[PDB]
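Below sits a lone chain in structure tokens, taken as the form deposited in one PDB entry.
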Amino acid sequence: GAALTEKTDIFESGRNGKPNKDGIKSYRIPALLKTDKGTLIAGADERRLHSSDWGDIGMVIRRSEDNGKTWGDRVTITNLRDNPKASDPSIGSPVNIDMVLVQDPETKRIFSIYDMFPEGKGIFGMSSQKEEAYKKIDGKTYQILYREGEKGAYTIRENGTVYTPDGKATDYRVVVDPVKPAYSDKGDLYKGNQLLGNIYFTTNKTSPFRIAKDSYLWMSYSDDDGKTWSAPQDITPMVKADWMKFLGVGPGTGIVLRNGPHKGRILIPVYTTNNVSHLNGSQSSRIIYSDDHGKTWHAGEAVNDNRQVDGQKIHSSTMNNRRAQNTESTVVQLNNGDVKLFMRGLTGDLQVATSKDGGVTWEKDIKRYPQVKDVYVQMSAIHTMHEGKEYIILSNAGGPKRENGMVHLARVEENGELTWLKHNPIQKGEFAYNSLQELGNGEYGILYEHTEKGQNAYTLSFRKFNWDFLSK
């Protein structure tokens, strides 16, 4: 008997192009996480001014201590302050966008990894020319600041003190230890005790310094079941290669590997572009990972690294092949130790990559499943055991557009092949991003993007699952 709850709204978009009660026009990019304590953390983009992938965006969560009925109030993880002098407020703020949640099972620490850009249009406003973002000086890596009319790289060193290109301390300093709510002060630029501006501002600046215009990866963590969160840490220099243009998360929920020689590794879906073809032919999925409980991070190789396409090998740093792209992804570990990566792409059906070494490298062939539609939108997938049998549940739009959210059920064969045991609809109308979690006791939950009644894209809602609804 399909025991599906009714659409329960977690983040409420405005209506008919108008702000909602709190002044927030739009919400997007769901992430759903069940912690050890049992609580559910629903995370999202709080897009205050419009639905687009830039602007004034906060990383926020709400928690439910009762498995999905009472969702508490908003906790803001990060929300950088807007440029008060921007001529166009809609592109007038440093950007945070797209989250992945995961928890370490030993330390219980919870992680939010999300994109950051300086002021502008984010992934759609990236420059054609590289600016160096970091400099290693006597074994230490520092973030670079550029000053108008000077070519050299200033650096942000100890306690935020700004140093000249030649290595001499100055009177300028950056707030590297933010203290205000939502860490709205991160990046503020002081001269002495006087606030001048912010290193993330790119127009009508009131201070002399800015970071490189580039794509960055930030992380925040909570040690009290997601009630309070650390200041953001810039993990970009640990994982971003010198050729990468864009580097960002596949939004959703990561995993911790539960078996095999790499047990305890945290996996975070990400994807890159290169400077050869950027968003037109190089978007490429991979993971980043931590083996030390989130203290340090490393990049896996891309699925597209040394992949054969139409008889010729490509590489994510050099490819120019619109159809060979794979972008946002969701990652699952099997019981045979294998890692499966389900990747948004442009074949029309579901693409899946397999790694035998814990997500670092990927096997030759991308498996395509026409049994599952992919209309080129984010998806989520989780592992679950039922009656001693191993399964995967994957949720995404059924089509033809971002509409008709379906839930697809597969049995995991011994050798890791997937057998799709039919697909049951879960939401009609508009259906876009989504995030699944196993709730335990034969149950499943989902936080997803959906609109009706002229709601602004999107309102994020929660439904519930029973094992019987999945099958038949």
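Between two forms, the rigid core is defined as the largest C-alpha subset superposing within 1.5 Å. Numbering starts at 1 and follows the sequence shown.
Higher-B stretch (mean Cα B-factor, as the entry records it), 400-408 or 53-61: Comparing 400-408 with 53-61, the higher mean C-alpha B-factor belongs to 400-408.
According to the deposited model, is the average Cα temperature factor higher in 96-104 or in 121-129? Result of the comparison: 96-104.
Can you work out whether the C-alpha temperature factor of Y391 puts it in the lowest, middle or highest third of the chain? For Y391, the deposited C-alpha B-factor lands in the highest third.
Please rank the C-alpha B-factors of the chain's modelled residues and tell me whether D224 sits in the lowest, middle or highest third. It falls in the top third of the chain.
Looking at the C-alpha B-factor of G72, is it in the lowest, middle or highest third of its chain? Answer is highest: the recorded C-alpha B-factor places it there.
Quick check for you: using the entry's CA B-factors within this chain, is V239 in the lowest, middle or highest third? For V239, whose C-alpha B-factor we compare with every modelled residue in the chain, the answer is the lowest third.
Please say which third, lowest, middle or highest, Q371 falls into when its CA temperature factor is compared across its chain. It falls in the top third of the chain.
If you look for the form deposited in another entry, you will not find it shown, but the lines that follow are about it.
Among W229, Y289, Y172, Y154, whose C-alpha is off by 2 Å or more between the shown form and the other one on a rigid-core fit? It is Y172.
With the core lined up, does the C-alpha of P400 move 2 Å or more between the shown form and the other one? Stays below the 2 Å threshold, so no.
Align both forms on the core first, then report whether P181 has a C-alpha shift of 2 Å or more between the shown form and the other one. True for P181: a C-alpha shift of 2 Å or more.
What happens to the Cα distance from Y146 to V175 in that other deposited form: does it get closer or farther than here, with a change of 3 angstroms or more? Here the pair is farther apart than in that other deposited form; there, closer.
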